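*Asks:* I have a structure here, written as structure tokens, and I will follow up with some questions on it.
Heads up, the Cβs are rebuilt from the backbone with ideal geometry, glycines too, and the neighbour counts pull from every protein chain shown. Only the coordinates and a few stated rules stand behind these numbers; no lab work does.
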Amino acid sequence: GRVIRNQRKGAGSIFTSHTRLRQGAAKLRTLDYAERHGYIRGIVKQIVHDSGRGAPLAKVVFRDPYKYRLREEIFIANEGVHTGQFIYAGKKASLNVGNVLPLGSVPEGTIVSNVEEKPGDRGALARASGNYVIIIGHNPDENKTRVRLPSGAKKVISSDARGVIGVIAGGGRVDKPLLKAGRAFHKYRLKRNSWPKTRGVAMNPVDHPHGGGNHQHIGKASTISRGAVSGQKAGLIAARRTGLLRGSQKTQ
Amino acid sequence: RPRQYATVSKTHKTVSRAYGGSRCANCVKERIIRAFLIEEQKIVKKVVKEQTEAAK
Amino acid sequence: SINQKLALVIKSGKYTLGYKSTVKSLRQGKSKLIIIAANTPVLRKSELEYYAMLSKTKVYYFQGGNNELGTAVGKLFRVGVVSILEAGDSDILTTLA
Amino acid sequence: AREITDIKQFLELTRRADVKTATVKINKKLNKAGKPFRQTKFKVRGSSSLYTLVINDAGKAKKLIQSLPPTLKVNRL
Amino acid sequence: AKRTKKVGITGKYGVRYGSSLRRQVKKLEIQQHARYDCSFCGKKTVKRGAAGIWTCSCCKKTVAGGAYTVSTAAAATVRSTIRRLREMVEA
Amino acid sequence: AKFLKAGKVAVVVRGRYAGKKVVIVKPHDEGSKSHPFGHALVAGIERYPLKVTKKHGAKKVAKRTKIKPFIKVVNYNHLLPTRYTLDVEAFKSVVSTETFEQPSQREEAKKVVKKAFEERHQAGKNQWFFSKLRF
Amino acid sequence: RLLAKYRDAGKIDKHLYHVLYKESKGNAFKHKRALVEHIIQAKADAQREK
RNA sequence: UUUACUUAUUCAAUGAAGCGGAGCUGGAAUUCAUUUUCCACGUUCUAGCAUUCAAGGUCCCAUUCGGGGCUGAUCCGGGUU
RNA sequence: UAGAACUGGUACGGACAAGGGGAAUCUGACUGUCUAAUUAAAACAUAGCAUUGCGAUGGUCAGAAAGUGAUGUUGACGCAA
RNA sequence: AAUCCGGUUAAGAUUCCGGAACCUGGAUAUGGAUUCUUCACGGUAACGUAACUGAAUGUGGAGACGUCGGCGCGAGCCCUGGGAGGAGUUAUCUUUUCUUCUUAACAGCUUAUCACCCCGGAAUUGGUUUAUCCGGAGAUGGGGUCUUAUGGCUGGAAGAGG
């Protein structure tokens, strides 16, 4: 009867992001004329800790080409940049770690991150701690580029979309055990309101569709249709197979 | 405190050098030397273009 | 390689270590060679390049950091830049510098 | 507020024409450890702060009281 | 002396948490709280703070890197790939 | 083999005149009675002449071309020597050790040095020595 | 500070100072008189090696 | 058949800043008559600097201390991309 | 802080303050949380392990509707179930 | 952005009274300082001096900040000595037991770890912390510069309070 928890997340009263200590949106430079014809040199002032991100940020500063000032942007720091390194954005920018290039200017097999989906939207794909996409092919017909996303899924995007060279710092982050509940608590008090995770078997039949009964059991089948109404989707969603996986990696 | 600086003279708020009260001595030292040597080295960056592009 | 040469100089000739004594012995022109390490900051490196083209003294880059240079010259502390002022048994001033 | 140690500066203060009131104070304090002697303080009240002068020597102080301008209202002790 | 037979730093955790999880924490806290060589000034003075950020204590250099070590193994080869992919443009 | 000769341009990196160009008028590699270190007596400019254009009126030109000089003992560690040079023998005989204490003689020296730098800035030889080291 | 004023008093040189100092960072010396009795023995050994 | 469309519609970004076409100098390029084509078309050791409708060149004002015009910074089309 | 005598109707942390301990089994690893007015538990939570969906003209959800919104100052080492 | 002490009331005071300050805002005159080297000098330097043009615009700092552990230092309380006043005890003993001996904001001179400058050059490695860090990217050493939360002296101020 009662509105279950994942329905209740969406109106967003207490489930919003905890956005106090965050420095800002971590986007790249806006694609303009100084970028896509030459290459603009900025410096990286400071690589600063973001709160709730795994990866560290980077205070990059640029000269504005049109008015005398300095425009600071904040990149996601690629792994192996230090403060005082020069960062070369743009089409004809050379290929070093930390530079940001349009994908038509790299050979295939190059390890980039913070790359865009559509050109200009300032850094969509592969942003988290430690990940990277690898450019696996070019296509001069309609100037596309075939790349490898971190799930192992392959994607064909434009070569006008920019990406910064190298993996992202903060990698190896989930290797360490999170021994106690205090560390998960201090983790999730910087991200958002979804801890502790109360199992849906425990609760009554108003609170969850897995609830109730004289035993904690799941009842019916727990792989739920994609076509289920909002509110029934409680458990494994639209599962094509399940169970413990077997076999080698690097699939076909 | 940040509004007390107004009540006081200038010799308390400033040391005599260029970039005086804003940057410290050593840093100022570095941004002379760099600012010399780069804009001496850029002179060499024009004597290459007069010899490589002419004797190409 | 160059390490046998520098060891022979260091047990046969006269030298000085570190940046301030290179500039002191370079303003007086007593320098015959300076050897710059690889991990040195580029500003220090260019300021010692720029004093070479006033004093006409040859500059050999030491491939590898100041640790290896300190180990090569026989000391234990690191050294970023060496100034040979009198070569002794070895003739590194006239080899390929 | 302040202490002013220069006698001729104090004479300049007494003729600064904003100084309407002055006063003299007498104390007894002892030299090095031996002997008590009479000390005096001359206090002129300017429009912002109170300027004083400490005189330990009566042979200068007695001449200096004579050296005040007569138009000043001097609260003696 | 050596006051623990094997546990070392994870002796601050004591009894609890398992043994495999505590040894997996030991393996990463030795690397995490270590003192690394600085790539610029050569003094073994790079610690970390605020995971992903490795500041040299002197010299003010602030190198980004892996969360629990300076250069993770899956990144130190990446630059070699870059060292391979910058040579093909010229020679 | 000795590049701190008495004609070399140098750049003062320390002191109140930091970032301001001088020329050595007399070096001292051994030092002196006082100043127990390799110092050199130099003379340089404190205010740069401003960028006078085609369309400045004549009088408003001349207030641009005023130059405030200074003479100064400076240690060798505070000077970048450079490849540029300046002929010094006009005011070579003015700046000395005797030019100092009794500082009334310093303004007498600054008169001579200012007249020399204006007579070199007119007929504009040594363009780099009079341009602002923009740092 | 006893080692400090012994060094500054010239009664001992800096080599034996830096030996005895990092020995005093360990135990090796229960008290002040015990350290002076140790210094006397080492300096007498140095004299018997002279 | 889905192909080729921008003007409808939909998304995205920017204090709607350089888009499209053409030319110039270089240069790959081989000429099968003369250019049939295509690339470029101001910055890479350095935690410096970059602003006063821009200095210069050129034409004016009526020479005052100053101010205007063109070029420096290629034209064309007004579809911000 | 340690030791020594000597002495006290063998009393002496003299009042106050202030652990009962052991051999086992069932059970939940643990610190934690809850039925404020009968249930504090072996229940819930947790780290750990695993699974499923989804590459944004997306996945989960909200909104009567919107040129609307929450995750999202987000990007698969991520969000969600 | 800027305040304190002492006193006062049947009941109010960092608010009243007296004494002593400070800040903001706006007027302004007088000295001082600057100038015919027209917009300051000194010091190698770090920086200092009562002052010592400076717009549009840009940058930088302050406001700006986690909790825990010892370590140093000050403030207030505590313990305690000598001396100068009062009260109590006293059959005997007790140079005895209690109580007073204070000093504000603000101002002037001076004063500190850390940081920095010069001279000089280190392995017979050396300095140093309670806690092992630091040094040819130049230590130990000799001589200096700075911050002034703090302390001292003096003024406020003994004319107040006890």
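*Asks:* Can you tell me the 0 to 90 degree angle between the C-alpha axis of helix G:14-25 and the longest principal axis of chain G, rounded to 10?
*Replies:* 30 degrees
*Asks:* Pop a pseudo-label 7 angstrom from the Cα along the beta-carbon direction at both G:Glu37 and F:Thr97 and give the gap in nm to one decimal.
*Replies:* That separation, rounded to one decimal, is 6.3 nm.
*Asks:* Can you give me the pair-distance distribution of chain D, C-alpha pairs, 5 Å bins, whole percents?
*Replies:* In order of increasing distance, the bins hold 3, 14, 28, 26, 15, 8, 4, 2, 0 percent.
*Asks:* To test your reading of the geometry: what angle, between 0 and 90 degrees and rounded to tens, separates the Cα axis of helix B:25-47 from the longest principal axis of chain B?
*Replies:* The helix B:25-47 is inclined about 20 degrees to chain B.
*Asks:* Here's a follow-up. Distance between the C-alpha centers of segment F:63-135 and segment A:93-167? Whole Å please.
*Replies:* 58 Å
*Asks:* Separate question: Return the long-range amide H neighbours of F:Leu79 (sequence gap of 5 or more, or a different chain), with a cut-off of under 5 Å between placed amide H atoms.
*Replies:* For F:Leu79, whose amide H was placed from the backbone, the distant partners under 5 Å are F:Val13.
*Asks:* Note down the net charge around A:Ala77, summing +1 for each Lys or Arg and -1 for each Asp or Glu among other residues with Cβ under 11 Å from its Cβ.
*Replies:* 0
*Asks:* Pop out the ³J(HN,Hα) list for segment A:125-142 in order, Karplus 6.51 cos²θ - 1.76 cosθ + 1.60 with θ = phi - 60°, rounded to Hz; leave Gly and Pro as x.
*Replies:* Karplus values, whole Hz, x for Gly and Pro: 7, 6, 10, 6, 6, x, 8, 5, 9, 10, 6, 9, x, 10, 8, x, 5, 6.
*Asks:* Which whole-Hz couplings ³J(HN,Hα) result when phi for each residue of segment D:3-16 is put into the Karplus expression 6.51 cos²θ - 1.76 cosθ + 1.60, θ = phi - 60°, listed in order with x for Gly and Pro?
*Replies:* Rounded to whole hertz, the list is 10, 10, 9, 9, 5, 5, 5, 5, 5, 5, 5, 5, 9, 8.
*Asks:* Mind listing the phi-derived Karplus ³J(HN,Hα) values for segment A:88-99, rounded to whole Hz, using 6.51, -1.76 and 1.60 with θ = phi - 60°, and x for any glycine or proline?
*Replies:* So the J values, rounded to whole Hz, are 9, 8, x, 5, 8, 5, 6, 9, 9, 6, x, 5.
*Asks:* If you don't mind, there's one more thing I want to ask. Ordered by packing density, taken as the mean number of other Cβ atoms within 10 Å over each peptide's residues, highest first, how do A:224-233, E:55-64 rank?
*Replies:* The peptides rank, most packed first, as E:55-64, A:224-233.
*Asks:* Next question. Per residue of chain E, what 222 nm ellipticity follows from adding -39500 (n - 2.57) for every DSSP H run with n ≥ 4, rounded to the nearest 500?
*Replies:* -7500 deg cm²/dmol
*Asks:* Still on this structure: Counting only other chains, and only Cβ atoms inside 10 Å, what mean value do you get across the residues of E:79-85?
*Replies:* Average neighbour count from other chains, rounded to a whole number: 5.
*Asks:* While we're on this one: Could you order the peptides D:21-31, A:28-38 from most to least packed, using the average number of other C-beta atoms within 10 Å per residue?
*Replies:* Final packing ranking: A:28-38, D:21-31.
*Asks:* Counting pairs of alpha carbon atoms under 8 Å apart in space and at least six apart in sequence, what relative contact order in percent does segment E:1-48 give?
*Replies:* 25 percent
*Asks:* Something else: If each of A:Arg71 and F:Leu133 carries a label point 7 Å out from its Cα toward its Cβ, how far apart are those two points in nm?
*Replies:* For A:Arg71 paired with F:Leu133, the spin-label model returns 3.4 nm.
*Asks:* How many Cβ atoms of partner chains, on average, are near each residue of C:41-50 if near means within 10 Å of its Cβ?
*Replies:* Mean partner-chain Cβ count within 10 Å for C:41-50: 4.
*Asks:* Need one value for A:47-53: mean number of C-beta atoms belonging to other chains within 10 Å of its residues' C-beta atoms.
*Replies:* Other-chain Cβ atoms within 10 Å of each residue's Cβ, averaged: 3.
*Asks:* Quick one: angle between helix A:181-191 and the longest Cα principal axis of chain A, in degrees between 0 and 90, rounded to 10, please.
*Replies:* 60 degrees
*Asks:* Further, regarding this structure: Among A:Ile111, F:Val13, E:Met88, whose Cα projects farthest towards the positive end of the dipole of the protein assembly as shown, with charges put on the beta-carbon of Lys, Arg (+1) and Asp, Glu (-1)?
*Replies:* In the protein assembly as shown, that residue is F:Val13.
*Asks:* Now for a different question. Tell me the label-point distance for the pair G:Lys25, C:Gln4, using the 7 Å Cα-to-Cβ offset, in nm and rounded to one decimal.
*Replies:* Each label point is offset 7 Å from its Cα along the Cβ direction, giving 4.1 nm.
*Asks:* In addition: For a quick protection proxy, order the peptides D:46-54, A:166-174, D:68-76 by their average other-Cβ count within 10 Å, most packed first.
*Replies:* Highest mean packing first, the order is A:166-174, D:46-54, D:68-76.
*Asks:* Also: Could you tell me which GluC sites (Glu not before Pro) in segment F:48-135 are loop residues by DSSP with no more than 11 other beta carbons within 10 angstrom of their beta carbon?
*Replies:* F:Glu89, F:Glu98, F:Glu101
*Asks:* Among the trypsin sites (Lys or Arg not before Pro) in segment C:1-90, which ones are in a DSSP loop with at most 13 other Cβ atoms within 10 Å of the Cβ? Mind listing them?
*Replies:* Listed in order of number, the matching sites are C:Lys11, C:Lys56, C:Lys75.
*Asks:* Given q = 0.06, 0.08, 0.10 Å⁻¹, what are the Debye log10 I(q)/I(0) values for the protein assembly as shown, with equal point scatterers placed on the Cα positions and solvent ignored?
*Replies:* With no solvent term, the Cα-only Debye profile gives -0.71, -1.06, -1.28.
*Asks:* When all alpha-carbon pairs of chain A are counted, what percent fall beyond 27 Å?
*Replies:* More than 27 Å apart: 53 percent of the Cα pairs in chain A.
*Asks:* Taking Rh as the Kirkwood radius, which is the inverse of the mean 1/r over Cα pairs, what is the Rg/Rh value for segment A:127-175?
*Replies:* 1.05
*Asks:* Could you tell me what a quarter of the Cα convex hull surface of chain C works out to, in nm² with one decimal place?
*Replies:* Average projection, Cα convex hull of chain C: 5.4 nm².
*Asks:* Mind listing the long-range amide H neighbours of E:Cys56? Cut-off is under 5 Å, sequence gap 5 or more, other chains count too, H placed in the peptide plane at 1.01 Å from N.
*Replies:* E:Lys61, E:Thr62, E:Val63
*Asks:* Right, another one. About its Cα centre, what dipole magnitude does segment A:54-121 give when the only charges are +1 on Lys and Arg Cβ and -1 on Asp and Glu Cβ, stated in debye to the nearest 20?
*Replies:* Dipole about the Cα centre, nearest 20: 400 debye.
*Asks:* Report, in debye and to the nearest 20, how large the dipole of segment A:1-72 comes out about its Cα centre when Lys and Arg carry +1 and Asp and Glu carry -1 on their Cβ.
*Replies:* I would put it at about 280 debye.
*Asks:* Which of the GluC sites (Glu not before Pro) found in segment A:73-135 are in a DSSP loop and have at most 10 neighbouring Cβ atoms, other than their own, within 10 Å?
*Replies:* none
*Asks:* Here is a follow-up. Only four residue types carry charge here, +1 at the Cβ of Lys and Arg and -1 at the Cβ of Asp and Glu. Report the dipole size of segment E:5-44 about the Cα centre in Debye, rounded to the nearest 20.
*Replies:* 220 debye
*Asks:* Considering all projection directions equally, how large on average is the shadow of the alpha-carbon convex hull of segment A:1-48, in square nanometres?
*Replies:* Computing the convex hull of the Cα atoms and averaging its projections yields 6.4 nm².
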